[PDB]
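>>> first chunk of the complex, coordinates as they sit in the assembly:
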Amino acid sequence: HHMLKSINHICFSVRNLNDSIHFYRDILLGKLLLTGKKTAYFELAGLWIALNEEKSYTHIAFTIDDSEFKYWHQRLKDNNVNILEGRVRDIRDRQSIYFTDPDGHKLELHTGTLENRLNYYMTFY
């Protein structure tokens, strides 16, 4: 009875499929499921990601465990990923990493949940 059920997928336009495959599948450890001539699909963090090749007003955040924070931070740096600054102590307190994919779509890894944010936090409903 009358609800959107779940996320079906997200889709990004990208300049170079092979570069984006390396990013989403090798660096971020997603699974490549299918390709076409100008198309690739992945499963990542339980989500389906579609890339369509086409040669700051949105971001997508994935959850990671606290205990994997330094693993991720270093994997992104070792792979020369473009890392962006977050809030003061986001790195030292293992809260968030912000970064872009090869085309500049903004991504984040976060160790908290929505309730954590709500509790840490204005008008509450």
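Thanks, I have it. Residues are numbered from 1 along each chain as shown, chains lettered A, B, ... in the order given.

>>> tell me the secondary structure for residue A:109?
Following DSSP: H, G, I helix; E, B strand; the rest coil, the label given to residue A:109 is strand.

>>> ok, and for stretch A:9-25, which residues are buried?
Neighbour-count burial for stretch A:9-25, counted by 16 or more other Cβ atoms under 10 Å, picks out A:12, A:14, A:17, A:20-21, A:23-25. C-beta here means a position set from N, CA and C on the backbone, and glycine is covered the same way.

>>> which residues are in contact with stretch A:63-82?
Contact with stretch A:63-82 is made by A:23, A:27, A:45, A:83, A:91, A:94, A:97, A:99-100, A:104, A:109-111, A:113, as judged by Cβ atoms under 8 Å, 6 or more residues apart in numbering.

>>> I'd guess residue A:117 is in a strand, am I close?
No: applying three-state DSSP, one finds residue A:117 to be helix, outside a strand.

>>> who touches the nearest residue to residue A:54 once chain neighbours are set aside in this structure?
Of all residues not flanking residue A:54 in the chain, residue A:13 sits nearest, at 4.6 Å (Cβ to Cβ, 6 or more residues apart in numbering). Each residue near residue A:13 by Cβ under 8 Å, 6+ apart is listed here: A:51-54, A:103.

>>> Residue A:61 now?
A:96, A:107-110.

>>> What's the separation between it and residue A:88?
Distance from residue A:61 to residue A:88, counting by Cβ to Cβ, to the nearest Å: 18 Å.

>>> Tell me which residue is most central in chain A.
Computing the C-alpha centroid of chain A and ranking residues by Cα atoms, centre = their mean puts residue A:107 first, at 4.3 Å.

>>> Quick check: that one vs residue A:3, distance?
Going from residue A:107 to residue A:3 by Cβ to Cβ gives 27 Å.

>>> so what's the nearest residue to residue A:7 once chain neighbours are set aside up against?
In space, residue A:7 comes closest to residue A:47 once its chain neighbours are excluded; the distance is 6.3 Å by Cβ to Cβ, 6+ apart. Taking Cβ under 8 Å, 6+ apart, we find residue A:47 in contact with A:7, A:9-10.

>>> Also put chain B in, sequence below:
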Amino acid sequence: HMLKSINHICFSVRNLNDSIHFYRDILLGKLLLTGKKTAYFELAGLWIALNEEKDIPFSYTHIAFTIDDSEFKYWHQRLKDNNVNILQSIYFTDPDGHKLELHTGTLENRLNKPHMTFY
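Let me add chain B to what's already shown:
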């Protein structure tokens, strides 16, 4: 070592009151918090965060949501009767032009074009 799940999606929006009505009332999401400048929703099991930026000027991304196939007509009519920008499947935008879709089957089903390479 795996990313465990999606955490949330953040959208810039020109007018927070319009976006709240779009997300909470048209799409039937749950409003959790406001401040600012900001609103948080739970919609389709996903945290959505809106940040109001009143001087915004949208083609290179979309988020798609799954609906009951028996509800296709319900949703299609709901969006039409609410003057939503509309472009099996419904393709539409929010008040700021963020690209959204509704589909009545999972991307995995859909994928199940001989020339494509399946892994």
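
>>> and the buried residues of stretch A:9-25, now that chain B is part of it?
Buried positions in stretch A:9-25, judged by neighbour count with 16 or more other Cβ atoms under 10 Å in any protein chain shown: A:9-14, A:17, A:20-21, A:23-25.

>>> One more: stretch A:78-85?
By 16+ other Cβ under 10 Å, the buried positions in stretch A:78-85 come out as residue A:81.

>>> Contacts only, for residue A:106.
By Cβ atoms under 8 Å, 6 or more residues apart in numbering or on different chains, the contact set of residue A:106 is A:56, A:58-60, A:84, A:98-100.

>>> tell me, which of these make contact with chain B?
Among these, the residues lying close to chain B (Cβ under 8 Å from any Cβ of the partner chain) are A:56, A:58-60.

>>> Where does residue A:61 sit: helix, strand or coil?
Going by three-state DSSP: residue A:61 is strand.

>>> Quickly list what it is bridged to.
Beta-bridge partners of residue A:61, counted by DSSP bridges, are residue A:108, residue B:8.

>>> Next one: residue A:102 relative to chain B, how far apart?
Distance, residue A:102 to chain B, by Cβ to the nearest Cβ, to the nearest Å: 13 Å.

>>> what's the neighbour count on that residue?
17 (other Cβ atoms under 10 Å in any protein chain shown).

>>> what does residue A:63 give?
18.

>>> Repeat that for residue A:121.
So residue A:121, with other Cβ under 10 Å, has 12 neighbours.

>>> neighbours around residue A:3, how many?
Around residue A:3 there are 15 residues (other Cβ under 10 Å).

>>> I should have written residue A:7 there, sorry.
Neighbours of residue A:7 using other Cβ under 10 Å come to 20.

>>> contacting residues for it?
A:47, B:6, B:44-46, B:63-66.

>>> try it again with 7 Å
A:47, B:6, B:44, B:46, B:63, B:65 (Cβ atoms under 7 Å, 6 or more residues apart in numbering or on different chains).

>>> Also residue A:62?
Contacts of residue A:62 were listed using Cβ under 7 Å, 6+ apart, and they are A:45, A:109, B:3, B:6-7.
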